[PDB]
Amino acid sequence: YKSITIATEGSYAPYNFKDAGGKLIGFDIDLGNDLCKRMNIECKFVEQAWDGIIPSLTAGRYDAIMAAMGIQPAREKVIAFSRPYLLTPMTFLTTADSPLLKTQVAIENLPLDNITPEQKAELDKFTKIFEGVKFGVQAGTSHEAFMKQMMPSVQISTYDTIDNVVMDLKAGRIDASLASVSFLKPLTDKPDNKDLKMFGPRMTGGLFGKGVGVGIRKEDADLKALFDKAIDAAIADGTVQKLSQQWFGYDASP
């Protein structure tokens, strides 16, 4: 390799989004440039809408995906991933005045790889509470996958982008959503969003898989080995922790 094209969404702050000048910025952009510098490869970032991100990678329109992509088992059937460059649980989002906030959380940290009757009871409690509520999710995400598989009886509306989900939640058109803590903590930390609150269990594993990784074509074993080595070095020297603090306001590094 001499040069690679990396796709990003361009609308998932603070991982990847556009600055005032329309330039792609975020944790994925800074890390992507840092990993490529280590790999001694020229780096170029392209904007790609969420729906075609995986098929455009397999079709060879670009070489890699760095777009807050969860290493989910369903995505692993189609593409390969680098080792994780970030770890984050998943949680729910509502308004600060919502009665959903008074719901008792019996399991703070909910692993989903194996589901015990106690963990199922907790998911069933939340499903029954969410049955009388309007949920909104971004289409084609692990957020939609979770609602479809784990809470099918809950009424969901799907959106093109996460920004539209947040806007409708703020406008009162939906009552709740879900995303990773890495997305929701900087969102709710903004003085702009004091009327928004994270709530419910912090979930890991199962359909979510473990961590956020670089999406690569399965046949590109050499490119994966290069990214894995670069990621190991960026973690070891404190670069991932530094970039995580900068963009997320906390340490989500593996």
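One rule holds for the numbers: they count along the sequence shown, beginning at 1.
Asker: Given the B-factors recorded for C-alpha atoms, which segment has the greater mean, 175-183 or 107-115?
Answerer: Per the PDB record, 107-115.
Asker: Higher mean Cα B-factor in the deposited model: 36-44 or 59-67?
Answerer: Here the higher of the two C-alpha B-factor means belongs to 36-44.
Asker: Lowest, middle or highest third: which one holds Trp50 when the chain's residues are ordered by CA B-factor from the entry?
Answerer: Answer is middle: the recorded C-alpha B-factor places it there.
Asker: Of the three thirds of its chain by CA temperature factor, lowest, middle or highest, which one includes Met203?
Answerer: Lowest third - that is where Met203 ends up once the chain's C-alpha B-factors are sorted.
Asker: What third of the chain, by the recorded C-alpha B-factor, contains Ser153?
Answerer: Tercile = middle for this residue's CA B-factor.
Asker: Going by the recorded CA B-factors, say which third of the chain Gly215 sits in, lowest, middle or highest.
Answerer: Lowest third, going by the recorded CA B-factors of the chain.
Asker: Would you please rank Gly26 by its C-alpha temperature factor against the other modelled residues of its chain and give the third it falls in: lowest, middle or highest?
Answerer: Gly26: CA B-factor falls in the lowest third of its chain.
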